[PDB]
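First comes the structure, then the notes that go with it.
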Amino acid sequence: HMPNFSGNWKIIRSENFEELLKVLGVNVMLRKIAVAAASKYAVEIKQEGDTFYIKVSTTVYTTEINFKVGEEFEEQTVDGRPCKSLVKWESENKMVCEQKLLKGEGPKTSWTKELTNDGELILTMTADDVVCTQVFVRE
Ligand SMILES: *C/C(=C/c1ccccc1)C(=O)OC
């Protein structure tokens with residue numbers, strides 16, 4: 001088991017989170033409470049080959065996804081709406097996920113995760129023209 005995405009990550013920066021949530025139509029007071037909650041984001045990943053288990057948690061809330069690169073799975077937008085998601089590799093250490101809402105119309109959502117050369121995990125989340133960036137380090 002060589003070094004890959006696998007491991008336990010804690011956030012150290014969080015740029016544009018508030019504006020992402022605005023685009024997704026979250027009200028001011030909840031955006032502010034979500035920004036506070038976001039400085040305790042922790043991520044646990046177990047990666048085997050193509051196949052991923054990911055646990056994202058804050059203080060009061062936790063979610064898990066399991067997916068295979070290339071195969072459709074069901075999950076949620078940053079704002080809770082169910083969606084069909086599909087993950088593709090973009091390079092050795094970057095994956096990108098396109099999301100389509102199960103029900104309704106709304107903004108085009110996507111995320112990426114990427115391991116950098118100096119051992120950080122970077123997560124981007126996109127809603128239309130707005131890009132949120134979160135940097136994590138090994139716990
Ligand atoms: C890693 C991750 C990111 C994410 C961001 C926004 C919407 C859905 C997913 C995730 O969900 O892993 C559980």
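Read the numbers this way: they start at 1 and go in the same order the structure lists the ligands and their atoms. Note: hydrogens, waters and symmetry copies are ignored here, and every other heavy atom, side chains too, is used. We're numbering straight along the sequence, starting at 1.
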Only pairs under 3.5 Å count here: list side-chain donor-acceptor contacts from residues 16-24, not counting sequence neighbours, and write none if there are none.
{"residue": "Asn16", "atom": "ND2", "partner": "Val131", "partner atom": "O", "Å": "3.2"}
{"residue": "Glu18", "atom": "OE1", "partner": "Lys32", "partner atom": "NZ", "Å": "3.1"}
{"residue": "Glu18", "atom": "OE2", "partner": "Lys32", "partner atom": "NZ", "Å": "2.7"}

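- Between the side chain of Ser6 and the main chain of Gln47, a donor-acceptor pair closer than 3.5 Å is present.
- Separating the OG atom in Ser14 from the CZ atom in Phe136 is a distance of 7.5 Å, to the nearest 0.5 Å.
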Please give the N or O to N or O pairs under 3.5 Å between ligand 1 and the protein, distances rounded to 0.1 Å.
{"residue": "ligand 1", "atom": "11 (O)", "partner": "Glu75", "partner atom": "OE1", "Å": "3.4"}

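- Remark: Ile65 CD1 to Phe73 CZ distance equals 3.5 Å, nearest 0.5 Å.
- When atom types are taken as modelled, the side chain of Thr116 and the backbone of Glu120 share a donor-acceptor pair closer than 3.5 angstrom.
- Taking CD of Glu114 as the start and CD1 of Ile122 as the end, the distance is 5.5 Å to the nearest 0.5 Å.
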